[PDB]
Amino acid sequence: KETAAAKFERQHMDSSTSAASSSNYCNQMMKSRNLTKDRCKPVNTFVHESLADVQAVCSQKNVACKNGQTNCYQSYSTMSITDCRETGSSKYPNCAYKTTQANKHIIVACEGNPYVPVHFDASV
């Protein structure tokens, strides 16, 4: 019974590294965060900021979600992130990813009491 908040933290939070660090990072992290268990998740973003700083985005700039819901929020600051994208050669179960580091505004969807991130929508 993983909570929606905990699923967001597993899939999207990595405060321990300042920036993607290594060319190995997406290969290791997509596997260790269990995002390659059932299929190769094609894309995924990790955020290298404190949990409190990501949770605070839920009270920042309200923006439309890609799915048309209204509960998305854009960070006023830029944040350190790593984008993981499956290589063309990647075949499950040997899921392979390119690691790219960026500093961008994040967009998250927030739900619940407490009102916390449950989904990573985009970076801009």
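Considering only the range 1-57, state which residues are touching a residue at least 60 places away in the same chain (Cβ under 8 Å) and either in contact with a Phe, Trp or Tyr (Cβ under 6 Å, 6 or more places away or on another chain) or aromatic (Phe, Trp, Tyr) (or both). Result: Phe8, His12, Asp14, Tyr25, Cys26, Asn27, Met30, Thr45, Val57.
If you take the residues of the range 76-102 that are in contact with a helix residue (DSSP H, G or I) (Cβ under 7 Å, 6 or more places away or on another chain) and more than 15 Å from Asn34 (Cα to Cα), which of them is surrounded by the most Cβ atoms within 10 Å (Cβ to Cβ)? Selected residue: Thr82.
Of the candidates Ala109, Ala102, the single residue that is among the small types (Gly, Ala, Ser), in a strand (DSSP E or B) and without any contact (Cβ under 8 Å) to a residue 40 or more places away in the chain is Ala102.
Taking (1) in contact with a helix residue (DSSP H, G or I) (Cβ under 6 Å, 6 or more places away or on another chain); (2) within 15 Å of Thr45 (Cα to Cα) in turn, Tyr73 satisfies each apart from (2). Residues that are among the β-branched types (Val, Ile, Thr) and touching a residue at least 24 places away in the same chain (Cβ under 8 Å) within the range 58-89 comprise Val63, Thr78, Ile81, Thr82, listed in sequence order. Checking each residue in the range 1-33 for being assigned to a loop (DSSP other than H, G, I, E, B) and either surrounded by 12 or more Cβ atoms within 10 Å (Cβ to Cβ) or under 13 Å from the mean Cα position of the chain (by Cα) (or both) picks out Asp14, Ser15, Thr17, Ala19, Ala20, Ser21, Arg33.
Rule-based calculations on the coordinates, nothing more; no lab input. For neighbour counting, all protein chains shown are included, and Cβ atoms are generated from backbone atoms with ideal geometry for every residue, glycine included.
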